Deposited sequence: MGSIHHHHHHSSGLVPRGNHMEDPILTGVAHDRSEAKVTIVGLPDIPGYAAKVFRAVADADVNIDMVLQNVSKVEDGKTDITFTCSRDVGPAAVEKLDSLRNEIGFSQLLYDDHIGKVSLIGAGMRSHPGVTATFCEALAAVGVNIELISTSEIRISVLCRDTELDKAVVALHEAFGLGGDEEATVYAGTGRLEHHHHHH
């Protein structure tokens, strides 16, 4: 489409078949995080919403599609000695809702308006990731439909044959 000084919003996406994985109690020593990502690449699972958070320990979280969810954690567990973790967390009752677009990163107001919209329909955010081209949140599947609606409303979308330049 239009593929400027204001952000372009091309749509609202949603995926109901999502899994959330947390590796708990990772040594904060160089090498260990890399093993986590190598294991996932070796197992051929495309991951998203990835983050690291803090003992001398750290946790890593990501999502992936449910269908490969169990394959992910198995691979991960098969390397419990080499990766130093104490626990693997798993949540397959969540879905991802997203604002797609471009140039979103210089306008933090978009993210705030994104969240204000979900809050207004009492949607709870479990994870959030943002980029130039996507703002995604992870929530329970029971709330995906009201989230999509709220987003469409808040941003004047749409078709989605519509795109918008939002101010």
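Student: What are the C-alpha gaps when you align the coordinates back onto the deposited sequence?
Tutor: In sequence order, the gaps with no modelled C-alpha are 1-2, 6-20, 72-75, 189-200.
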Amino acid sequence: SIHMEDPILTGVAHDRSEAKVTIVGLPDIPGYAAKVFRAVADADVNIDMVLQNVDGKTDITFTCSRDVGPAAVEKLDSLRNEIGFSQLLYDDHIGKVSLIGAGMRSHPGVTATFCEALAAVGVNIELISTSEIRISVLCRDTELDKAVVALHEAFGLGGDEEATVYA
From here on, numbers count along this sequence of modelled residues.
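Student: Taking the recorded C-alpha temperature factors, which stretch has the higher mean, 27-35 or 95-103?
Tutor: Comparing 27-35 with 95-103, the higher average CA B-factor belongs to 27-35.
Student: Could you check which stretch, 154-162 or 5-13, carries the larger mean CA temperature factor in the entry?
Tutor: If you average the C-alpha B-factors of 154-162 and of 5-13, the larger mean comes out for 154-162.
Student: Whose C-alpha has the highest temperature factor in the PDB entry: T111, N124, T63, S129?
Tutor: Spelled out: the listed residue with the top C-alpha B-factor is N124.
Student: Ranking every modelled residue in this chain by its Cα temperature factor as given in the entry, which third contains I135?
Tutor: It belongs to the lowest third of the chain when residues are ordered by C-alpha B-factor.
Student: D77's Cα B-factor: lowest, middle or highest third of the chain?
Tutor: It falls in the middle third of the chain.
Student: In terms of the chain's CA B-factor thirds, is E116 lowest, middle or highest?
Tutor: Ranked within chain, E116 CA B lands in the middle tercile.
Student: Should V54 be placed in the lowest, middle or highest third of its chain by the C-alpha B factor in the entry?
Tutor: Answer is highest: the recorded C-alpha B-factor places it there.
Student: Could you tell me which third, lowest, middle or highest, the C-alpha B-factor of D141 occupies within its chain?
Tutor: Top third by C-alpha B-factor.
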